[PDB]
Amino acid sequence: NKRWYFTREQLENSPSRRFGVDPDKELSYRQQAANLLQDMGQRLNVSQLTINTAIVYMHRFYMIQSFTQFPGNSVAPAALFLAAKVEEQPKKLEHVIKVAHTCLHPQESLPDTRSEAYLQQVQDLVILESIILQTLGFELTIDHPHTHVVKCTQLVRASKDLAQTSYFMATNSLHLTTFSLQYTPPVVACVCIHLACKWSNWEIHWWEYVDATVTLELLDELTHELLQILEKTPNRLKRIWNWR
Amino acid sequence: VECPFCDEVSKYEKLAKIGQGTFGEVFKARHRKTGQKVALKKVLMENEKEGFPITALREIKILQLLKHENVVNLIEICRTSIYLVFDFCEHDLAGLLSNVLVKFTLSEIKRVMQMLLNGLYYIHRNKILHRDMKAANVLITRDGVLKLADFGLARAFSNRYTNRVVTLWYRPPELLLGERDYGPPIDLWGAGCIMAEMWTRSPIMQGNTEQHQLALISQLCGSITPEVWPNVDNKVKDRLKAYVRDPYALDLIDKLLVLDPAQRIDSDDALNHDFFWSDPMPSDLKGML
Ligand SMILES: Nc1n[nH]c(N)c1/N=N/c1ccc(O)cc1
């Protein structure tokens with residue numbers, strides 16, 4: 001139950017940290033993998049849910065494995081290939097390899113699917129999918145905050161607008177932060193709604209009906225962390241900015 | 001490569017194939033330290049062109065969810081291949097029913113059905129269809145506790161579901177009629193067939209093709225009729241009268257084996273049936289074993 005939740009100190013001594021990857025660098029490695037998953041997922045025409053599952057798989061995997069031994073660019077496709085099966089939107093092995101290839105090498109050209117080098121990149125993915133399952137100890141059922149965002153934003157009667165900003169905050173928390181490794185989905189959902197309210201100057205305590213542990217002290221600490229990375233992310237905030 | 005959460009299956013010592021005759025490669029095995037008996041199910045990989053079988057993923061996903069006295073217990077998953085490890089159960093309804101030395105009292109039959117209906121009520125309550133109800137998939141532990149097993153065709157529900165489901169002899173009218181918008185009632189039809197099997201000691205309806213099953217079903221439940229089964233088009237008690245005799249048992253069997261799925265009894269009402277609430281009351285499984 002606390003297997004896949006870590007303290008801030010556990011996050012400092014991550015497997016990657018052990019092979020000399022800076023904290024900051026390790027986040028980049030994580031954020032970059034989330035982008036690759038998001039890009040591949042859109043092209044493969046899977047749901048955001050499926051993409052999200054794969055992102056959580058990836059986050060958890062690197063609490064056990066090191067980026068210095070497993071690159072995001074290898075793990076992302078395998079995580080996504082797996083998450084699509086798990087979430088009942090199976091994409092074919094060749095198809096996932098083909099799309100991964102175009103994302104990672106826009107200018108390259110797919111090898112002859114008969115070549116030994118291609119038969120091999122197929123084999124590598126399958127091997128990596130297998131390692132993910134074992135690293136995650138076959139725990140594949142992910143709970144995502146999106147379920148809960150919908151919940152709060154109705155049970156506080158937010159405009160479609162407010163609700164949409166909350167989903168956006170929620171999605172971005174997965175790409176940009178390791179919250180999914182520290183807080184349960186219901187708390188993260190409270191964080192996203194809180195910042196969305198702040199961002200739209202809406203005022204509705206509401207969160208006590210959502211999670212008994214949650215405090216305003218915590219909500220403000222977390223929205224601040226999240227707002228900062230959002231401010232550091234080019235064009236990301238433009239998407240929710242009221243331009244009128 | 002580190003692996004904190006997937007143990008090597010070598011922790012268990014293989015005792016006996018039990019067996020390939022049961023849909024696949026299941027071994028009885030022994031924890032090397034404690035002697036605890038388990039069942040090892042290998043994840044088969046012939047003609048697995050798409051990595052780790054999506055089917056292993058569902059069953060693992062499902063078993064991890066279903067935690068109940070009447071559902072088989074998944075302990076952990078092991079590597080070396082990959083194995084699902086279950087708490088071992090000595091008997092299975094099919095073995096017991098095909099063994100002339102085994103004898104159930106009316107009191108004990110009630111209990112077997114009670115555990116079965118309760119397992120079904122639970123799995124359905126969790127939005128899962130077993131989709132493979134049959135005597136050989138019902139286990140009973142050394143201590144007389146019944147467990148539903150073999151969730152390899154099971155799937156969550158909430159429709160265009162797959163029609164290649166349920167062993168032929170236990171398959172309900174809906175499916176044989178090509179229905180793809182079905183629900184929990186399909187498991188209950190199989191529950192009907194297993195119940196009747198508790199006396200007849202042999203599957204009431206042994207078809208050879210899909211149509212041979214449908215003819216047989218009709219020679220028992222009346223015929224498929226828009227009066228009996230509204231919108232379908234798109235002697236139960238006499239034949240069982242011999243074996244069963246008890247009024248109450250016969251009536252429930254009639255309500256489980258109902259043609260119209262929406263008029264077919266569900267797990268909640270069946271548990272309530274007077275059969276479980278009149279004498280002889282359901283009793284533990286001791287002397288049966
Ligand atoms: N024959 C058996 N004895 N003990 C078992 N657990 C057993 N089989 N268990 C199974 C078999 C198949 C399955 O999908 C799930 C559990």
# chains A, B, ... in the order shown; residues from 1 in each chain; ligands from 1
>>> residues_near_ligand(ligand="ligand 1", cutoff="9 Å", atoms="only C-alpha atoms and all ligand atoms", output="mmCIF file with C-alpha atoms, in the first residue's frame")
data_model
loop_
_atom_site.group_PDB
_atom_site.id
_atom_site.type_symbol
_atom_site.label_atom_id
_atom_site.label_comp_id
_atom_site.auth_asym_id
_atom_site.auth_seq_id
_atom_site.Cartn_x
_atom_site.Cartn_y
_atom_site.Cartn_z
ATOM 1 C CA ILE B 18 -2.331 -31.604 -12.166
ATOM 2 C CA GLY B 19 -2.611 -31.260 -14.992
ATOM 3 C CA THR B 22 -7.339 -28.954 -17.111
ATOM 4 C CA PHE B 23 -6.834 -26.359 -19.893
ATOM 5 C CA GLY B 24 -3.024 -26.193 -19.475
ATOM 6 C CA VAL B 26 -0.619 -26.367 -13.828
ATOM 7 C CA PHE B 27 1.712 -28.056 -11.275
ATOM 8 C CA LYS B 28 1.251 -28.863 -7.634
ATOM 9 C CA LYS B 37 1.309 -26.282 -1.014
ATOM 10 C CA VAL B 38 0.627 -24.174 -4.103
ATOM 11 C CA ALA B 39 -0.506 -24.366 -7.721
ATOM 12 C CA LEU B 40 1.833 -23.049 -10.394
ATOM 13 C CA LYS B 41 0.301 -21.952 -13.677
ATOM 14 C CA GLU B 59 -6.485 -12.658 -15.536
ATOM 15 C CA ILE B 60 -3.658 -11.264 -13.436
ATOM 16 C CA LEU B 63 -7.379 -12.118 -9.766
ATOM 17 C CA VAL B 71 -12.561 -17.204 -5.362
ATOM 18 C CA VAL B 72 -9.215 -18.907 -5.956
ATOM 19 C CA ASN B 73 -6.325 -17.020 -4.364
ATOM 20 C CA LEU B 74 -3.471 -15.578 -6.395
ATOM 21 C CA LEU B 84 0.953 -17.423 -11.541
ATOM 22 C CA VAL B 85 1.170 -18.917 -8.031
ATOM 23 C CA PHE B 86 -2.096 -19.978 -6.300
ATOM 24 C CA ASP B 87 -2.983 -21.412 -2.923
ATOM 25 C CA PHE B 88 -3.436 -25.142 -3.706
ATOM 26 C CA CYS B 89 -6.934 -26.744 -3.533
ATOM 27 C CA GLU B 90 -7.092 -30.534 -3.319
ATOM 28 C CA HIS B 91 -10.382 -31.275 -5.144
ATOM 29 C CA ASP B 92 -12.440 -29.960 -8.040
ATOM 30 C CA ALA B 136 -14.009 -28.655 -13.653
ATOM 31 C CA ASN B 137 -13.372 -24.939 -12.883
ATOM 32 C CA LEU B 139 -12.358 -26.121 -6.761
ATOM 33 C CA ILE B 140 -12.916 -27.356 -3.212
ATOM 34 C CA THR B 141 -10.135 -27.090 -0.607
ATOM 35 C CA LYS B 147 -13.237 -21.723 -4.921
ATOM 36 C CA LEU B 148 -14.017 -20.503 -8.436
ATOM 37 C CA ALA B 149 -10.951 -20.891 -10.675
ATOM 38 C CA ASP B 150 -9.662 -20.397 -14.241
ATOM 39 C CA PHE B 151 -10.341 -16.746 -14.972
ATOM 40 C CA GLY B 152 -8.477 -16.946 -18.228
ATOM 41 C CA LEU B 153 -11.607 -16.129 -20.224
#
>>> closest_atom_pairs(of="chain B", to="chain A", cutoff="12 Å", atoms="only C-alpha atoms", output="Markdown table")
| residue | atom | partner | partner_atom | distance |
| --- | --- | --- | --- | --- |
| B:1 | CA | A:65 | CA | 8.2 |
| B:2 | CA | A:65 | CA | 7.4 |
| B:3 | CA | A:135 | CA | 5.6 |
| B:4 | CA | A:135 | CA | 7.2 |
| B:5 | CA | A:137 | CA | 4.6 |
| B:6 | CA | A:137 | CA | 5.2 |
| B:7 | CA | A:137 | CA | 8.9 |
| B:8 | CA | A:134 | CA | 10.6 |
| B:48 | CA | A:126 | CA | 10.8 |
| B:49 | CA | A:93 | CA | 8.1 |
| B:50 | CA | A:93 | CA | 5.7 |
| B:51 | CA | A:126 | CA | 5.4 |
| B:52 | CA | A:130 | CA | 7.1 |
| B:53 | CA | A:85 | CA | 8.7 |
| B:54 | CA | A:85 | CA | 5.9 |
| B:55 | CA | A:85 | CA | 9.2 |
| B:56 | CA | A:86 | CA | 10.0 |
| B:57 | CA | A:86 | CA | 6.4 |
| B:58 | CA | A:86 | CA | 7.3 |
| B:59 | CA | A:86 | CA | 10.7 |
| B:60 | CA | A:138 | CA | 7.8 |
| B:61 | CA | A:141 | CA | 6.8 |
| B:62 | CA | A:141 | CA | 9.5 |
| B:63 | CA | A:139 | CA | 11.3 |
| B:64 | CA | A:139 | CA | 8.3 |
| B:65 | CA | A:141 | CA | 9.1 |
| B:74 | CA | A:138 | CA | 11.9 |
| B:75 | CA | A:138 | CA | 11.9 |
| B:76 | CA | A:137 | CA | 8.6 |
| B:77 | CA | A:138 | CA | 7.1 |
| B:78 | CA | A:134 | CA | 8.6 |
| B:79 | CA | A:134 | CA | 7.9 |
| B:80 | CA | A:134 | CA | 10.9 |
| B:81 | CA | A:130 | CA | 10.0 |
| B:82 | CA | A:134 | CA | 9.5 |
| B:83 | CA | A:138 | CA | 11.2 |
| B:84 | CA | A:138 | CA | 10.4 |
| B:155 | CA | A:88 | CA | 10.7 |
| B:156 | CA | A:88 | CA | 10.7 |
>>> residues_around(residues="region 160-175 of chain B", least_positions_apart="6", cutoff="7 Å", atoms="only C-alpha atoms", output="ChimeraX atom specification")
/B:131-134,181,186,189-190,193,205-207,213,259
>>> write_last_selection(atoms="N, CA, C and O atoms", output="JSON list (two decimals), in the first residue's frame")
[["chain", "number", "residue", "atom", "x", "y", "z"],
["B", 131, "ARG", "N", -17.33, -16.35, -17.36],
["B", 131, "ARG", "CA", -17.42, -16.74, -18.76],
["B", 131, "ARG", "C", -16.93, -18.15, -19.05],
["B", 131, "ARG", "O", -16.81, -18.54, -20.19],
["B", 132, "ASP", "N", -16.60, -18.89, -18.01],
["B", 132, "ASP", "CA", -16.21, -20.28, -18.20],
["B", 132, "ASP", "C", -16.72, -21.15, -17.05],
["B", 132, "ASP", "O", -15.99, -21.96, -16.51],
["B", 133, "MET", "N", -17.96, -20.91, -16.61],
["B", 133, "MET", "CA", -18.56, -21.74, -15.56],
["B", 133, "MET", "C", -18.65, -23.20, -15.96],
["B", 133, "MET", "O", -19.32, -23.52, -16.92],
["B", 134, "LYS", "N", -17.99, -24.09, -15.24],
["B", 134, "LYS", "CA", -18.19, -25.51, -15.46],
["B", 134, "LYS", "C", -17.65, -26.25, -14.25],
["B", 134, "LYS", "O", -16.82, -25.70, -13.51],
["B", 181, "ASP", "N", -24.57, -8.69, -26.46],
["B", 181, "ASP", "CA", -24.94, -7.78, -25.36],
["B", 181, "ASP", "C", -25.46, -8.56, -24.15],
["B", 181, "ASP", "O", -26.63, -8.43, -23.77],
["B", 186, "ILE", "N", -25.10, -15.01, -17.82],
["B", 186, "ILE", "CA", -24.48, -16.15, -18.50],
["B", 186, "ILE", "C", -23.77, -17.08, -17.53],
["B", 186, "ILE", "O", -23.77, -18.30, -17.72],
["B", 189, "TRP", "N", -26.48, -19.30, -15.74],
["B", 189, "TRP", "CA", -26.90, -20.43, -16.53],
["B", 189, "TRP", "C", -25.93, -21.59, -16.30],
["B", 189, "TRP", "O", -26.36, -22.71, -16.05],
["B", 190, "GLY", "N", -24.63, -21.30, -16.32],
["B", 190, "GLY", "CA", -23.63, -22.32, -16.06],
["B", 190, "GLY", "C", -23.78, -22.85, -14.65],
["B", 190, "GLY", "O", -23.52, -24.02, -14.38],
["B", 193, "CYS", "N", -26.44, -25.47, -14.71],
["B", 193, "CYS", "CA", -25.94, -26.74, -15.22],
["B", 193, "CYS", "C", -25.11, -27.50, -14.21],
["B", 193, "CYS", "O", -25.19, -28.73, -14.13],
["B", 205, "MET", "N", -26.48, -31.58, -20.58],
["B", 205, "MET", "CA", -26.62, -31.33, -22.02],
["B", 205, "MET", "C", -25.32, -31.39, -22.84],
["B", 205, "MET", "O", -24.59, -30.41, -22.91],
["B", 206, "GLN", "N", -25.06, -32.53, -23.48],
["B", 206, "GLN", "CA", -23.76, -32.77, -24.12],
["B", 206, "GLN", "C", -23.77, -32.65, -25.65],
["B", 206, "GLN", "O", -23.59, -33.65, -26.36],
["B", 207, "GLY", "N", -23.97, -31.43, -26.15],
["B", 207, "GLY", "CA", -24.03, -31.18, -27.58],
["B", 207, "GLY", "C", -22.73, -31.50, -28.31],
["B", 207, "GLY", "O", -21.68, -31.67, -27.69],
["B", 213, "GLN", "N", -26.37, -28.40, -29.20],
["B", 213, "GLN", "CA", -26.65, -27.87, -27.87],
["B", 213, "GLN", "C", -28.03, -27.20, -27.82],
["B", 213, "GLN", "O", -28.83, -27.51, -26.95],
["B", 259, "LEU", "N", -34.85, -19.53, -19.92],
["B", 259, "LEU", "CA", -34.45, -19.18, -21.27],
["B", 259, "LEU", "C", -34.14, -17.68, -21.39],
["B", 259, "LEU", "O", -33.02, -17.31, -21.76]]
>>> closest_residue(among="B:197, B:260, B:187, B:179", to="residue 227 (chain B)", atoms="only C-alpha atoms")
B:260
>>> select_by_dssp(residues="region 101-232 of chain B", states="helix (DSSP H, G or I)", output="PyMOL selection string")
chain B and resi 106-125+135-137+168-170+173-176+185-200+210-221
>>> atom_distance(atom1="CA of residue 222 (chain A)", atom2="CA of residue 206 (chain A)")
16.7 Å
>>> residues_around(residues="region 110-119 of chain A", least_positions_apart="6", cutoff="9 Å", atoms="only C-alpha atoms", output="ChimeraX atom specification")
/A:94,98,101-102
>>> residues_around(residues="residue 52 (chain A)", least_positions_apart="4", cutoff="8 Å", atoms="only C-alpha atoms", output="ChimeraX atom specification")
/A:48,56,144,171,174
>>> write_last_selection(atoms="C-alpha atoms", output="CSV table (one decimal), in the first residue's frame")
chain,number,residue,atom,x,y,z
A,48,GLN,CA,-5.0,10.0,-22.6
A,56,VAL,CA,3.0,6.0,-14.0
A,144,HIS,CA,-5.4,8.1,-12.0
A,171,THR,CA,-2.4,15.9,-16.9
A,174,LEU,CA,2.0,13.7,-14.5
>>> residues_around(residues="residue 68 (chain A)", least_positions_apart="5", cutoff="9 Å", atoms="only C-alpha atoms", output="list in words")
residues 15, 16, 19, 20 and 21 of chain A
>>> residues_around(residues="residue 239 (chain B)", least_positions_apart="4", cutoff="12 Å", atoms="only C-alpha atoms", output="ChimeraX atom specification")
/B:196,199-200,204-205,219-221,235,243-245,250,253-254
>>> closest_residue(among="A:156, A:142, A:103, A:162", to="residue 185 (chain A)", atoms="only C-alpha atoms")
A:142
>>> atom_distance(atom1="CA of residue 273 (chain B)", atom2="CA of residue 248 (chain B)")
8.3 Å
>>> decode(residues="region 142-163 of chain B", atoms="N, CA and C atoms", output="short mmCIF file (atom, residue, chain, number, x, y, z; two decimals), in the first residue's frame")
data_model
loop_
_atom_site.label_atom_id
_atom_site.label_comp_id
_atom_site.auth_asym_id
_atom_site.auth_seq_id
_atom_site.Cartn_x
_atom_site.Cartn_y
_atom_site.Cartn_z
N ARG B 142 -9.05 -28.75 0.73
CA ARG B 142 -8.96 -29.95 1.59
C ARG B 142 -9.93 -29.89 2.76
N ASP B 143 -10.33 -28.67 3.14
CA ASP B 143 -11.20 -28.39 4.28
C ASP B 143 -12.63 -28.10 3.89
N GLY B 144 -12.98 -28.35 2.63
CA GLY B 144 -14.36 -28.21 2.19
C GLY B 144 -14.84 -26.80 1.85
N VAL B 145 -13.89 -25.91 1.53
CA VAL B 145 -14.17 -24.57 1.00
C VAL B 145 -14.06 -24.50 -0.51
N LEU B 146 -15.16 -24.12 -1.16
CA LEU B 146 -15.26 -23.98 -2.62
C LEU B 146 -14.64 -22.72 -3.20
N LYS B 147 -13.86 -22.87 -4.27
CA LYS B 147 -13.24 -21.72 -4.92
C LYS B 147 -13.50 -21.76 -6.41
N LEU B 148 -13.98 -20.66 -6.98
CA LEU B 148 -14.02 -20.50 -8.44
C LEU B 148 -12.63 -20.26 -9.02
N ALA B 149 -12.29 -20.98 -10.09
CA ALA B 149 -10.95 -20.89 -10.67
C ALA B 149 -10.98 -20.74 -12.21
N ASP B 150 -9.82 -20.50 -12.79
CA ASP B 150 -9.66 -20.40 -14.24
C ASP B 150 -10.44 -19.18 -14.78
N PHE B 151 -9.82 -18.03 -14.55
CA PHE B 151 -10.34 -16.75 -14.97
C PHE B 151 -9.72 -16.30 -16.27
N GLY B 152 -9.17 -17.25 -17.00
CA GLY B 152 -8.48 -16.95 -18.23
C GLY B 152 -9.38 -16.46 -19.35
N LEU B 153 -10.68 -16.69 -19.24
CA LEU B 153 -11.61 -16.13 -20.22
C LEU B 153 -12.44 -15.06 -19.55
N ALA B 154 -12.21 -14.85 -18.26
CA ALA B 154 -12.97 -13.83 -17.59
C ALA B 154 -12.56 -12.45 -18.09
N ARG B 155 -13.44 -11.48 -17.86
CA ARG B 155 -13.31 -10.11 -18.32
C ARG B 155 -14.27 -9.24 -17.51
N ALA B 156 -13.88 -7.97 -17.32
CA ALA B 156 -14.74 -6.94 -16.74
C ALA B 156 -15.92 -6.55 -17.65
N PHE B 157 -17.06 -6.17 -17.06
CA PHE B 157 -18.23 -5.69 -17.82
C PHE B 157 -18.74 -4.40 -17.20
N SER B 158 -19.69 -3.75 -17.89
CA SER B 158 -20.28 -2.48 -17.43
C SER B 158 -21.62 -2.13 -18.12
N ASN B 159 -23.07 -2.80 -25.77
CA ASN B 159 -21.86 -3.59 -25.54
C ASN B 159 -21.60 -4.59 -26.65
N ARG B 160 -20.34 -4.74 -27.06
CA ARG B 160 -19.99 -5.77 -28.03
C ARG B 160 -18.95 -6.75 -27.50
N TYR B 161 -19.34 -7.57 -26.53
CA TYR B 161 -18.44 -8.57 -25.98
C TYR B 161 -18.30 -9.75 -26.92
N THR B 162 -17.23 -10.52 -26.70
CA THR B 162 -16.86 -11.66 -27.52
C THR B 162 -17.87 -12.83 -27.45
N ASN B 163 -18.20 -13.48 -28.57
CA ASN B 163 -19.20 -14.55 -28.48
C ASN B 163 -18.60 -15.96 -28.35
#
